[PDB]
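Asker: Mind having a look at this structure? Questions to follow.
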Amino acid sequence: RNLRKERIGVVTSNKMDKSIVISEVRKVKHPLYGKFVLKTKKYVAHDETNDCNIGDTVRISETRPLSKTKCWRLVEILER
Amino acid sequence: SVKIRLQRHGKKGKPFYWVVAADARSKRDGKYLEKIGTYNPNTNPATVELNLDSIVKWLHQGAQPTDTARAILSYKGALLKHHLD
Amino acid sequence: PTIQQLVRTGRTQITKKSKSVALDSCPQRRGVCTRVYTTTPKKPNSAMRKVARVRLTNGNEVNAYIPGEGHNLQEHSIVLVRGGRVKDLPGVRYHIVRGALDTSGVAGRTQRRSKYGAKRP
Amino acid sequence: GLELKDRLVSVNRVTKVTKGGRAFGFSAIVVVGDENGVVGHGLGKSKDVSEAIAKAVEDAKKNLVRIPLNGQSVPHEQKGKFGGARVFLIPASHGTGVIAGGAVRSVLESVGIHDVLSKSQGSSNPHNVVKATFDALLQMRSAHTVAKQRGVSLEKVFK
Amino acid sequence: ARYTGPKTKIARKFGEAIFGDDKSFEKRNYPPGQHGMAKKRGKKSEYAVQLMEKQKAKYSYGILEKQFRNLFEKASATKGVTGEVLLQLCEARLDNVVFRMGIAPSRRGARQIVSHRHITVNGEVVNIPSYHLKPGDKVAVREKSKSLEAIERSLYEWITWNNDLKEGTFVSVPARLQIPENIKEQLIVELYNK
Amino acid sequence: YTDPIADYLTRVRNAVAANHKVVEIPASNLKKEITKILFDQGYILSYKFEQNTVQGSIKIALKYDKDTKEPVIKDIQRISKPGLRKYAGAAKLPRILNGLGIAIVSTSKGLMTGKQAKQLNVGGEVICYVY
RNA sequence: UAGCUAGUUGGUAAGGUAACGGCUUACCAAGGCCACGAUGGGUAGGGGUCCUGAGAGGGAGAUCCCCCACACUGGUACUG
RNA sequence: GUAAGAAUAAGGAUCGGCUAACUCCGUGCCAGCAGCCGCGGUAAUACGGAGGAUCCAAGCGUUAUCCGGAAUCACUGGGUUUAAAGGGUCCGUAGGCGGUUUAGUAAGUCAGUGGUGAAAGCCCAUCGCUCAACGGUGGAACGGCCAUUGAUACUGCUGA
């Protein structure tokens with residue numbers, strides 16, 4: 001295989017059918033002042049039985065595009 | 001069809017060719033795949049720097065040499081070596 | 001100041017407003033004159049400087065200063081403005097090339113011949 | 001030293017207003033150095049230029065200072081302010097040259113430096129920039145001096 | 001281009017005979033001009049000093065400012081003493097070596113003999129005066145113009161010159177402590193870094 | 001506080017400026033490591049780790065010459081700050097005082113000097129520099 | 001320039017395309033983005049690179065090479 | 001390669017200070033010059049001409065657009081009593097920073113390996129055009145990104 005990309009994030013909202021949206025925070029150094037800045041990005045993952053709720057810590061992996069703006073799936077729910 | 005051809009890179013009056021494998025649908029001295037050898041027809045011996053470790057590899061992969069390419073690869077080897085099955 | 005303040009809003013760099021603006025950022029511009037007259041400096045100089053109202057090819061009305069002595073510069077003449085203001089006439093911010101299409105050069109000039117458009121005697 | 005050469009940095013004409021008219025006067029700054037180890041600056045005030053320069057060099061002949069100039073130039077980088085000016089001296093090589101300003105060049109040529117880079121990111125007053133260069137040059141201590149002050153051999157300060 | 005003018009004037013405006021210590025160096029040694037013969041300006045600026053110290057070397061060899069700056073920034077690529085390598089590459093010129101070998105007693109004659117296919121360098125004839133002689137070159141004289149009238153008429157520590165075959169075997173690149181010249185390279189470096 | 005390391009350096013700098021003899025700084029592992037490094041490099045005379053406190057004290061004796069005192073600590077400043085952390089591998093270490101000063105670098109092995117870490121080819125975070 | 005989006009956001013079945021996919025259709029829910037700058041306006045092809053500068057940076061994207069868009073102004077399909 | 005013949009070939013800018021180079025003649029706040037200071041009202045080293053001098057050189061000056069000098073937007077590398085600059089004062093949201101010790105992970109940080117970072121271009125070294133420009137070869141660089149293996153001193157997270 002090839003071990004497609006994987007991210008770890010926090011569930012932000014569950015208001016859709018069989019789909020969740022999580023937010024991932026990363027600390028990147030500023031290109032000029034060299035100060036580490038917390039930048040956020042929101043992914044859209046795929047859920048089957050609607051198990052995770054807002055405030056959890058999930059781990060998603062990149063797959064084929066299952067829909068528009070939806071190319072991830074939750075596999076490794078860690079904390080609730 | 002990937003072909004083994006020559007790319008002109010010298011100066012005005014004195015040419016200097018690179019024996020390189022490239023796609024036929026590309027410009028002469030532009031994009032290529034992998035530089036193979038080097039040809040300098042500025043001295044009497046007509047110096048060459050062929051690389052028989054990749055020439056036969058490209059020939060097996062499906063390269064198609066031209067007249068000058070197959071005349072440079074003639075008196076430097078890799079043709080009597082590509083023939084051996 | 002603070003690194004956090006700089007990260008939020010960095011240093012603002014100004015644009016350095018140019019000097020010669022009404023010539024479209026070209027070295028020379030052709031133009032036609034409409035009024036050739038004379039003006040006074042501010043102080044304490046006392047003279048009669050020769051200026052001309054030139055309408056450039058890009059639709060700009062400027063005031064050019066005629067260098068040297070000796071010229072025709074009628075009410076309608078094709079001149080070539082190059083730029084370079086003077087600190088005596090308020091408003092004149094351009095110069096006219098001597099030796100251009102229609103403007104005359106100078107006679108009896110021998111030292112600064114490259115300027116004022118004078119041939120070598 | 002004994003073979004002291006002088007150099008006039010700047011001569012400025014001053015004026016004092018009185019009831020009658022203007023009372024002129026000349027002030028001169030002269031840096032005199034042995035070109036090897038010692039240098040000193042002085043100020044002279046008079047009415048004639050030659051008398052002012054003579055008083056300046058006679059006052060600068062006193063209070064000479066010794067400066068370490070390891071090899072051919074300064075041992076390390078140093079800053080000197082003395083109020084208005086702000087001079088920064090950095091050693092370069094053994095063949096670079098003295099890249100200095102207007103008044104710093106005379107001081108660096110009179111003290112005996114031949115390859116250094118000095119940036120004056122401050123005022124342009126000859127009265128203050130010479131003293132700023134002096135303040136930046138007197139704070140320099142060589143490797144032997146720092147080793148003796150620490151108490152460690154002269155190999156741990158390098159390794 | 002070349003100077004092609006009076007050399008005594010150039011010697012007088014610098015106070016040092018660089019084209020041969022001979023006639024006219026004395027006898028009004030003061031600089032030329034109607035205002036140079038009189039009491040010149042006393043206060044001489046450091047910029048004037050550096051500029052004249054550069055022009056002395058720029059006039060002694062016959063180099064223009066363009067080529068001099070090119071050679072300076074070429075020699076400045078060496079990590080050693082910049083002025084030292086500058087003077088070394090300026091001395092390594094072909095016409096300068098021909099002048100030092102005894103032939104063409106002046107550099108102005110060196111850059112008129114070398115530019116006439118009268119001298120050969122390592123076999124093939126080289127008629128370029130700015131030719132940079134690397135250490136270990138063999139300079140000879142063309143056999144056609146070998147028995148000339150001026151060559152035998154006109155005929156160092158690093159040049160091994162042999163008069164029997166017009167040899168000279170340029171080797172052992174000299175140093176500042178060996179090249180005799182009354183010029184200060186540190187001033188030239190400071191002027192070009194100004 | 002905002003930077004105990006900055007306070008530890010500031011107390012020493014102020015005492016040196018005021019021509020004191022001993023300082024009674026609070027204690028911590030990082031301050032003890034910095035004190036050990038400084039004593040090994042030869043910028044302080046002696047140091048004592050005083051107990052009988054909830055945190056503990058560090059009593060450091062400052063060094064001056066026996067004539068023309070001229071304190072050996074002329075400039076002791078920080079490079080990394082809690083508002084801007086500056087790290088560097090074993091190629092971008094500073095050149096404090098042209099090799100005549102020390103630069104403390106917290107490395108993956110421990111607390112070392114800028115010159116003692118370049119030999120080990122380890123990077124780390126530059127904490128402070130002393131002339 | 002503080003609200004924007006209504007096939008828009010997600011799902012269930014079909015039609016499909018070389019190929020997954022609101023790409024399209026039928027049905028259900030109201031979702032999705034936004035101060036870490038949506039939306040709106042002005043300008044602009046992008047990069048390897050060029051100039052300058054001690055460096056950090058700043059200013060441009062000719063000629064050489066790679067990618068994209070276009071062929072009087074617009075739309076559509078066939079052959080392959 | 002052979003044969004007459006120095007024959008077939010030097011100009012532009014500047015000269016009060018910045019900035020390298022000064023004397024005279026004519027005009028008398030006029031004509032004019034000028035990048036800034038600014039010169040000319042009848043003894044002008046600043047205007048025009050002549051002589052001399054300086055720089056560059058088959059080029060020399062002006063204009064237009066850029067970088068440096070400008071530490072004059074400052075992370076490197078500035079300030080806020082009187083020169084421009086502390087909000088009229090508190091509370092507090094988002095955010096920024098974090099007293100001591102200890103256990104765990106290793107996200108930031110550091111080190112190694114593999115892949116990539118096209119060619120061309122800059123730099124270094126070496127060869128061919130009589131040298132150079134130019135061209136060939138090699139190295140360095142491409143400060144970056146992905147995967148993996150280690151260290152745990154400092155920051156982040158969890159527990160005490």
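Residues in the structure tokens are numbered from 1 in each chain, the chains being A, B, ... in the order shown, and ligands are numbered from 1 in the order shown.
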Neighbouring residues of residue 35 (chain G) were defined as those with any atom within 12 Å, considering only C-alpha atoms (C1' of nucleotides); residues of the same chain fewer than 6 positions away were excluded. Please report them as JSON, numbers by chain.
Answerer: {"G": [2, 3], "H": [94]}
Asker: Extract, using only C-alpha atoms (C1' of nucleotides), all DNA, RNA and protein residues at most 12 Å from region 27-29 of chain G, discarding same-chain residues fewer than 6 positions from it, and format them as an MDAnalysis selection string.
Answerer: (chainID A and resid 15:17) or (chainID G and resid 9:14)
Asker: Which residues are near region 52-64 of chain G? Cut-off 10 Å, only C-alpha atoms (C1' of nucleotides), ignore same chain within fewer than 5 positions. Put them as a PyMOL selection string.
Answerer: (chain A and resi 32) or (chain B and resi 30) or (chain G and resi 46-47) or (chain H and resi 66-68+75-76+120-121)
Asker: Put those residues in a file: N, CA and C atoms (P, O5', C5', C4', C3', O3' and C1' of nucleotides), as a PDB file, in the first residue's frame.
Answerer:
```pdb
ATOM      1  N   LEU A  32       8.295  35.926   8.959  1.00  0.00           N
ATOM      2  CA  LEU A  32       9.070  37.139   9.180  1.00  0.00           C
ATOM      3  C   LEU A  32       9.544  37.294  10.617  1.00  0.00           C
TER       4      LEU A  32
ATOM      5  N   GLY B  30      14.318  21.479 -25.647  1.00  0.00           N
ATOM      6  CA  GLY B  30      13.509  21.787 -24.486  1.00  0.00           C
ATOM      7  C   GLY B  30      13.418  20.654 -23.486  1.00  0.00           C
TER       8      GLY B  30
ATOM      9  P     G G  46       2.121  36.923 -12.803  1.00  0.00           P
ATOM     10  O5'   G G  46       2.342  35.419 -12.332  1.00  0.00           O
ATOM     11  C5'   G G  46       1.573  34.871 -11.272  1.00  0.00           C
ATOM     12  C4'   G G  46       1.923  33.425 -11.023  1.00  0.00           C
ATOM     13  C3'   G G  46       3.398  33.116 -10.837  1.00  0.00           C
ATOM     14  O3'   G G  46       3.889  33.422  -9.545  1.00  0.00           O
ATOM     15  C1'   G G  46       2.480  31.577 -12.352  1.00  0.00           C
ATOM     16  P     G G  47       5.392  33.961  -9.376  1.00  0.00           P
ATOM     17  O5'   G G  47       6.298  32.688  -9.685  1.00  0.00           O
ATOM     18  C5'   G G  47       6.305  31.575  -8.804  1.00  0.00           C
ATOM     19  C4'   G G  47       7.034  30.392  -9.392  1.00  0.00           C
ATOM     20  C3'   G G  47       8.525  30.554  -9.627  1.00  0.00           C
ATOM     21  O3'   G G  47       9.304  30.439  -8.451  1.00  0.00           O
ATOM     22  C1'   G G  47       7.546  29.541 -11.511  1.00  0.00           C
TER      23        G G  47
ATOM     24  P     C H  66       9.395  53.454  -9.602  1.00  0.00           P
ATOM     25  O5'   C H  66      10.300  52.160  -9.406  1.00  0.00           O
ATOM     26  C5'   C H  66      11.099  51.999  -8.245  1.00  0.00           C
ATOM     27  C4'   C H  66      12.039  50.830  -8.384  1.00  0.00           C
ATOM     28  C3'   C H  66      13.096  50.702  -7.301  1.00  0.00           C
ATOM     29  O3'   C H  66      12.602  50.088  -6.124  1.00  0.00           O
ATOM     30  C1'   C H  66      14.112  50.464  -9.418  1.00  0.00           C
ATOM     31  P     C H  67      12.756  50.823  -4.705  1.00  0.00           P
ATOM     32  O5'   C H  67      14.086  50.198  -4.096  1.00  0.00           O
ATOM     33  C5'   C H  67      14.213  48.796  -3.919  1.00  0.00           C
ATOM     34  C4'   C H  67      15.659  48.376  -3.869  1.00  0.00           C
ATOM     35  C3'   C H  67      16.540  49.145  -2.899  1.00  0.00           C
ATOM     36  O3'   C H  67      16.418  48.690  -1.563  1.00  0.00           O
ATOM     37  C1'   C H  67      17.632  48.971  -4.986  1.00  0.00           C
ATOM     38  P     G H  68      16.488  49.733  -0.345  1.00  0.00           P
ATOM     39  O5'   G H  68      18.039  50.069  -0.216  1.00  0.00           O
ATOM     40  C5'   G H  68      18.994  49.047   0.028  1.00  0.00           C
ATOM     41  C4'   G H  68      20.399  49.566  -0.134  1.00  0.00           C
ATOM     42  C3'   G H  68      20.735  50.809   0.673  1.00  0.00           C
ATOM     43  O3'   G H  68      21.135  50.489   1.991  1.00  0.00           O
ATOM     44  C1'   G H  68      21.454  51.087  -1.569  1.00  0.00           C
ATOM     45  P     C H  75      10.937  45.408  13.946  1.00  0.00           P
ATOM     46  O5'   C H  75      11.195  43.841  13.945  1.00  0.00           O
ATOM     47  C5'   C H  75      11.000  43.077  15.142  1.00  0.00           C
ATOM     48  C4'   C H  75      11.924  41.888  15.147  1.00  0.00           C
ATOM     49  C3'   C H  75      13.400  42.214  14.984  1.00  0.00           C
ATOM     50  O3'   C H  75      13.993  42.523  16.243  1.00  0.00           O
ATOM     51  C1'   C H  75      12.787  40.484  13.486  1.00  0.00           C
ATOM     52  P     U H  76      15.038  43.729  16.365  1.00  0.00           P
ATOM     53  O5'   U H  76      16.284  43.173  15.542  1.00  0.00           O
ATOM     54  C5'   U H  76      17.024  42.055  16.011  1.00  0.00           C
ATOM     55  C4'   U H  76      17.975  41.533  14.962  1.00  0.00           C
ATOM     56  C3'   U H  76      19.001  42.524  14.435  1.00  0.00           C
ATOM     57  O3'   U H  76      20.126  42.650  15.287  1.00  0.00           O
ATOM     58  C1'   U H  76      18.004  41.366  12.625  1.00  0.00           C
ATOM     59  P     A H 120      21.928  22.034 -16.598  1.00  0.00           P
ATOM     60  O5'   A H 120      21.565  23.511 -17.072  1.00  0.00           O
ATOM     61  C5'   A H 120      21.554  23.855 -18.450  1.00  0.00           C
ATOM     62  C4'   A H 120      20.771  25.121 -18.701  1.00  0.00           C
ATOM     63  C3'   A H 120      21.311  26.385 -18.049  1.00  0.00           C
ATOM     64  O3'   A H 120      22.380  26.979 -18.765  1.00  0.00           O
ATOM     65  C1'   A H 120      19.007  26.223 -17.613  1.00  0.00           C
ATOM     66  P     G H 121      23.650  27.574 -17.977  1.00  0.00           P
ATOM     67  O5'   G H 121      23.033  28.694 -17.025  1.00  0.00           O
ATOM     68  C5'   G H 121      22.555  29.923 -17.554  1.00  0.00           C
ATOM     69  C4'   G H 121      22.076  30.854 -16.467  1.00  0.00           C
ATOM     70  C3'   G H 121      23.085  31.190 -15.380  1.00  0.00           C
ATOM     71  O3'   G H 121      23.996  32.204 -15.763  1.00  0.00           O
ATOM     72  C1'   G H 121      21.035  30.599 -14.380  1.00  0.00           C
TER      73        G H 121
END
```
Asker: For a quick check of understanding, using only C-alpha atoms, which of A:10, A:28, A:77, A:3 has the smallest distance to residue 43 (chain A)?
Answerer: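 With only C-alpha atoms as the atom set, the closest residue is A:10.
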Asker: Set the distance at 9 Å and use only C-alpha atoms (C1' of nucleotides): which residues neighbour residue 38 (chain B) once local chain neighbours fewer than 4 positions away are removed? I'd like the list as a count of residues only.
Answerer: 10
Asker: Taking only C-alpha atoms into account, what are the residues of chain A at most 10 Å from chain F, put as a list in words?
Answerer: residues 33, 34, 35 and 36 of chain A
Asker: Name the residues in contact with region 102-119 of chain H at a cut-off of 9 Å, using only C-alpha atoms (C1' of nucleotides), excluding same-chain residues fewer than 3 positions from it; report them as a PyMOL selection string.
Answerer: (chain A and resi 26-28+36) or (chain B and resi 30-32) or (chain F and resi 87-90+107-108+121-125) or (chain G and resi 65-66) or (chain H and resi 142+144-152+154-160)
Asker: Contacts from chain C to chain H, 10 Å maximum, only C-alpha atoms (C1' of nucleotides): show me the residue list as a PDB file with N, CA and C atoms, in the first residue's frame.
Answerer:
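Generated output (part.pdb):
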```
ATOM      1  N   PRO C   1       7.286  47.399  17.847  1.00  0.00           N
ATOM      2  CA  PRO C   1       7.031  47.209  19.279  1.00  0.00           C
ATOM      3  C   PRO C   1       6.926  45.738  19.672  1.00  0.00           C
ATOM      4  N   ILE C   3       6.067  41.815  19.536  1.00  0.00           N
ATOM      5  CA  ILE C   3       6.066  40.823  18.466  1.00  0.00           C
ATOM      6  C   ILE C   3       4.642  40.398  18.133  1.00  0.00           C
ATOM      7  N   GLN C   4       3.774  40.319  19.143  1.00  0.00           N
ATOM      8  CA  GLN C   4       2.379  39.980  18.881  1.00  0.00           C
ATOM      9  C   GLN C   4       1.684  41.082  18.091  1.00  0.00           C
ATOM     10  N   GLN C   5       1.967  42.345  18.417  1.00  0.00           N
ATOM     11  CA  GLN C   5       1.392  43.450  17.658  1.00  0.00           C
ATOM     12  C   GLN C   5       1.880  43.436  16.214  1.00  0.00           C
ATOM     13  N   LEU C   6       3.153  43.098  16.006  1.00  0.00           N
ATOM     14  CA  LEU C   6       3.682  43.019  14.648  1.00  0.00           C
ATOM     15  C   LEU C   6       3.076  41.849  13.883  1.00  0.00           C
ATOM     16  N   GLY C  10       1.513  44.239  10.708  1.00  0.00           N
ATOM     17  CA  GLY C  10       2.918  44.505  10.497  1.00  0.00           C
ATOM     18  C   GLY C  10       3.195  45.964  10.180  1.00  0.00           C
ATOM     19  N   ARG C  11       4.445  46.216   9.798  1.00  0.00           N
ATOM     20  CA  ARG C  11       4.869  47.567   9.461  1.00  0.00           C
ATOM     21  C   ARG C  11       4.314  47.980   8.104  1.00  0.00           C
ATOM     22  N   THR C  12       3.807  49.209   8.033  1.00  0.00           N
ATOM     23  CA  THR C  12       3.209  49.739   6.813  1.00  0.00           C
ATOM     24  C   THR C  12       4.282  50.426   5.978  1.00  0.00           C
ATOM     25  N   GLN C  13       4.463  49.956   4.746  1.00  0.00           N
ATOM     26  CA  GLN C  13       5.426  50.544   3.828  1.00  0.00           C
ATOM     27  C   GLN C  13       4.713  51.489   2.868  1.00  0.00           C
ATOM     28  N   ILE C  14       5.215  52.719   2.778  1.00  0.00           N
ATOM     29  CA  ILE C  14       4.619  53.732   1.915  1.00  0.00           C
ATOM     30  C   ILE C  14       5.077  53.538   0.471  1.00  0.00           C
ATOM     31  N   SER C  20       7.886  63.190 -11.417  1.00  0.00           N
ATOM     32  CA  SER C  20       7.269  63.540 -12.692  1.00  0.00           C
ATOM     33  C   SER C  20       6.129  62.562 -12.946  1.00  0.00           C
ATOM     34  N   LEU C  23       3.663  62.689 -17.270  1.00  0.00           N
ATOM     35  CA  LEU C  23       4.274  62.251 -18.519  1.00  0.00           C
ATOM     36  C   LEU C  23       4.165  60.744 -18.723  1.00  0.00           C
ATOM     37  N   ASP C  24       3.340  60.062 -17.923  1.00  0.00           N
ATOM     38  CA  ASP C  24       3.021  58.644 -18.106  1.00  0.00           C
ATOM     39  C   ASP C  24       4.250  57.749 -17.965  1.00  0.00           C
ATOM     40  N   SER C  25       5.212  58.171 -17.143  1.00  0.00           N
ATOM     41  CA  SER C  25       6.413  57.384 -16.847  1.00  0.00           C
ATOM     42  C   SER C  25       7.203  57.060 -18.114  1.00  0.00           C
ATOM     43  N   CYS C  26       7.322  58.044 -19.002  1.00  0.00           N
ATOM     44  CA  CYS C  26       8.131  57.932 -20.203  1.00  0.00           C
ATOM     45  C   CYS C  26       9.263  58.953 -20.161  1.00  0.00           C
ATOM     46  N   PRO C  27      10.422  58.633 -20.741  1.00  0.00           N
ATOM     47  CA  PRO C  27      11.542  59.588 -20.681  1.00  0.00           C
ATOM     48  C   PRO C  27      11.248  60.903 -21.384  1.00  0.00           C
ATOM     49  N   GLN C  28      10.674  60.853 -22.583  1.00  0.00           N
ATOM     50  CA  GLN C  28      10.285  62.049 -23.313  1.00  0.00           C
ATOM     51  C   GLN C  28       8.855  61.898 -23.807  1.00  0.00           C
ATOM     52  N   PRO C  44      15.040  85.547  -4.033  1.00  0.00           N
ATOM     53  CA  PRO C  44      15.180  86.975  -4.327  1.00  0.00           C
ATOM     54  C   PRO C  44      15.604  87.218  -5.768  1.00  0.00           C
ATOM     55  N   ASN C  45      15.491  86.189  -6.602  1.00  0.00           N
ATOM     56  CA  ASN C  45      15.916  86.297  -7.986  1.00  0.00           C
ATOM     57  C   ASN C  45      15.024  87.267  -8.756  1.00  0.00           C
ATOM     58  N   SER C  46      15.585  87.821  -9.829  1.00  0.00           N
ATOM     59  CA  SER C  46      14.864  88.764 -10.676  1.00  0.00           C
ATOM     60  C   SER C  46      15.235  88.465 -12.121  1.00  0.00           C
ATOM     61  N   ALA C  47      14.269  87.982 -12.896  1.00  0.00           N
ATOM     62  CA  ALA C  47      14.510  87.603 -14.281  1.00  0.00           C
ATOM     63  C   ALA C  47      13.173  87.524 -15.003  1.00  0.00           C
ATOM     64  N   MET C  48      13.228  87.116 -16.271  1.00  0.00           N
ATOM     65  CA  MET C  48      12.044  86.916 -17.107  1.00  0.00           C
ATOM     66  C   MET C  48      12.201  85.545 -17.754  1.00  0.00           C
ATOM     67  N   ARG C  49      11.733  84.508 -17.067  1.00  0.00           N
ATOM     68  CA  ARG C  49      11.911  83.145 -17.545  1.00  0.00           C
ATOM     69  C   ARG C  49      10.857  82.799 -18.587  1.00  0.00           C
ATOM     70  N   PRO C  67      15.006  76.284 -22.078  1.00  0.00           N
ATOM     71  CA  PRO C  67      16.382  76.570 -21.667  1.00  0.00           C
ATOM     72  C   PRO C  67      17.129  77.373 -22.721  1.00  0.00           C
ATOM     73  N   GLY C  68      18.229  77.980 -22.283  1.00  0.00           N
ATOM     74  CA  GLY C  68      19.073  78.749 -23.173  1.00  0.00           C
ATOM     75  C   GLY C  68      18.376  79.982 -23.730  1.00  0.00           C
ATOM     76  N   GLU C  69      19.027  80.574 -24.728  1.00  0.00           N
ATOM     77  CA  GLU C  69      18.508  81.741 -25.425  1.00  0.00           C
ATOM     78  C   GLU C  69      18.445  81.458 -26.919  1.00  0.00           C
ATOM     79  N   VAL C  81       8.995  67.337 -24.472  1.00  0.00           N
ATOM     80  CA  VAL C  81       9.224  67.563 -23.051  1.00  0.00           C
ATOM     81  C   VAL C  81       9.970  66.373 -22.465  1.00  0.00           C
ATOM     82  N   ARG C  82      10.933  66.650 -21.586  1.00  0.00           N
ATOM     83  CA  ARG C  82      11.730  65.604 -20.958  1.00  0.00           C
ATOM     84  C   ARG C  82      11.596  65.536 -19.444  1.00  0.00           C
ATOM     85  N   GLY C  83      11.403  66.657 -18.765  1.00  0.00           N
ATOM     86  CA  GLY C  83      11.258  66.672 -17.325  1.00  0.00           C
ATOM     87  C   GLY C  83      12.414  67.383 -16.638  1.00  0.00           C
ATOM     88  N   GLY C  84      12.202  67.655 -15.353  1.00  0.00           N
ATOM     89  CA  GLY C  84      13.166  68.386 -14.554  1.00  0.00           C
ATOM     90  C   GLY C  84      12.654  69.750 -14.141  1.00  0.00           C
ATOM     91  N   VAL C  86      12.167  73.358 -11.789  1.00  0.00           N
ATOM     92  CA  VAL C  86      13.015  74.479 -11.412  1.00  0.00           C
ATOM     93  C   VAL C  86      12.509  75.049 -10.095  1.00  0.00           C
ATOM     94  N   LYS C  87      13.441  75.525  -9.271  1.00  0.00           N
ATOM     95  CA  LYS C  87      13.121  76.058  -7.955  1.00  0.00           C
ATOM     96  C   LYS C  87      12.875  77.564  -7.977  1.00  0.00           C
ATOM     97  N   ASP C  88      12.481  78.115  -9.115  1.00  0.00           N
ATOM     98  CA  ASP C  88      12.201  79.540  -9.226  1.00  0.00           C
ATOM     99  C   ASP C  88      10.783  79.838  -9.672  1.00  0.00           C
ATOM    100  N   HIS C  95      10.908  70.409 -18.628  1.00  0.00           N
ATOM    101  CA  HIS C  95      11.835  71.078 -19.528  1.00  0.00           C
ATOM    102  C   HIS C  95      11.602  70.592 -20.952  1.00  0.00           C
ATOM    103  N   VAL C  97      13.384  69.684 -24.644  1.00  0.00           N
ATOM    104  CA  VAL C  97      14.657  69.283 -25.231  1.00  0.00           C
ATOM    105  C   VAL C  97      14.991  70.218 -26.384  1.00  0.00           C
ATOM    106  N   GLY C 108      26.365  79.921 -31.711  1.00  0.00           N
ATOM    107  CA  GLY C 108      27.452  80.481 -30.935  1.00  0.00           C
ATOM    108  C   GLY C 108      27.761  79.757 -29.646  1.00  0.00           C
ATOM    109  N   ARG C 109      27.229  78.553 -29.456  1.00  0.00           N
ATOM    110  CA  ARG C 109      27.482  77.759 -28.261  1.00  0.00           C
ATOM    111  C   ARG C 109      28.602  76.769 -28.551  1.00  0.00           C
ATOM    112  N   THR C 110      29.595  76.718 -27.663  1.00  0.00           N
ATOM    113  CA  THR C 110      30.762  75.868 -27.871  1.00  0.00           C
ATOM    114  C   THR C 110      31.153  75.018 -26.672  1.00  0.00           C
ATOM    115  N   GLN C 111      30.722  75.355 -25.457  1.00  0.00           N
ATOM    116  CA  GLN C 111      31.132  74.597 -24.279  1.00  0.00           C
ATOM    117  C   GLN C 111      30.202  73.415 -24.012  1.00  0.00           C
ATOM    118  N   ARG C 112      28.924  73.692 -23.755  1.00  0.00           N
ATOM    119  CA  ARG C 112      27.936  72.649 -23.483  1.00  0.00           C
ATOM    120  C   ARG C 112      27.125  72.407 -24.754  1.00  0.00           C
ATOM    121  N   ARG C 113      27.729  71.678 -25.689  1.00  0.00           N
ATOM    122  CA  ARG C 113      27.082  71.414 -26.967  1.00  0.00           C
ATOM    123  C   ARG C 113      26.208  70.168 -26.950  1.00  0.00           C
ATOM    124  N   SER C 114      26.541  69.170 -26.125  1.00  0.00           N
ATOM    125  CA  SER C 114      25.668  68.008 -25.994  1.00  0.00           C
ATOM    126  C   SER C 114      24.286  68.423 -25.513  1.00  0.00           C
ATOM    127  N   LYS C 115      24.231  69.311 -24.528  1.00  0.00           N
ATOM    128  CA  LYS C 115      22.982  69.951 -24.161  1.00  0.00           C
ATOM    129  C   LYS C 115      22.713  71.124 -25.099  1.00  0.00           C
TER     130      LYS C 115
END
```
Asker: Report, in Å with one decimal, the straight-line distance from CA of residue 118 (chain D) to CA of residue 100 (chain D).
Answerer: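 Separating CA of residue 118 (chain D) from CA of residue 100 (chain D) is a distance of 5.0 Å.
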Asker: Mind the document's chain letters and residue numbers, and return as a ChimeraX atom specification the residues of chain D that DSSP labels strand (DSSP E or B).
Answerer: /D:5-17,22-33,38-46,65-66,78-80,87-91,98-99,116-120
Asker: Pick the closest to residue 78 (chain D) from D:122, D:97, D:91, D:37: which is it, counting only C-alpha atoms?
Answerer: D:91
Asker: Which residues come within 10 Å of residue 50 (chain C), counting only C-alpha atoms (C1' of nucleotides), excluding same-chain residues fewer than 4 positions away, as number ranges by chain?
Answerer: C: 36-40, 64-69
Asker: Save the residues we just selected, C-alpha atoms, as a PDB file, in the first residue's frame?
Answerer:
```pdb
ATOM      1  CA  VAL C  36       4.371  80.857 -24.848  1.00  0.00           C
ATOM      2  CA  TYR C  37       4.915  83.605 -22.276  1.00  0.00           C
ATOM      3  CA  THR C  38       7.277  84.817 -19.546  1.00  0.00           C
ATOM      4  CA  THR C  39       7.095  84.595 -15.759  1.00  0.00           C
ATOM      5  CA  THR C  40       8.947  85.815 -12.639  1.00  0.00           C
ATOM      6  CA  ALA C  64       7.560  73.705 -19.623  1.00  0.00           C
ATOM      7  CA  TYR C  65      10.615  75.956 -19.324  1.00  0.00           C
ATOM      8  CA  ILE C  66      12.638  76.888 -22.419  1.00  0.00           C
ATOM      9  CA  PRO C  67      16.382  76.570 -21.667  1.00  0.00           C
ATOM     10  CA  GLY C  68      19.073  78.749 -23.173  1.00  0.00           C
ATOM     11  CA  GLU C  69      18.508  81.741 -25.425  1.00  0.00           C
TER      12      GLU C  69
END
```
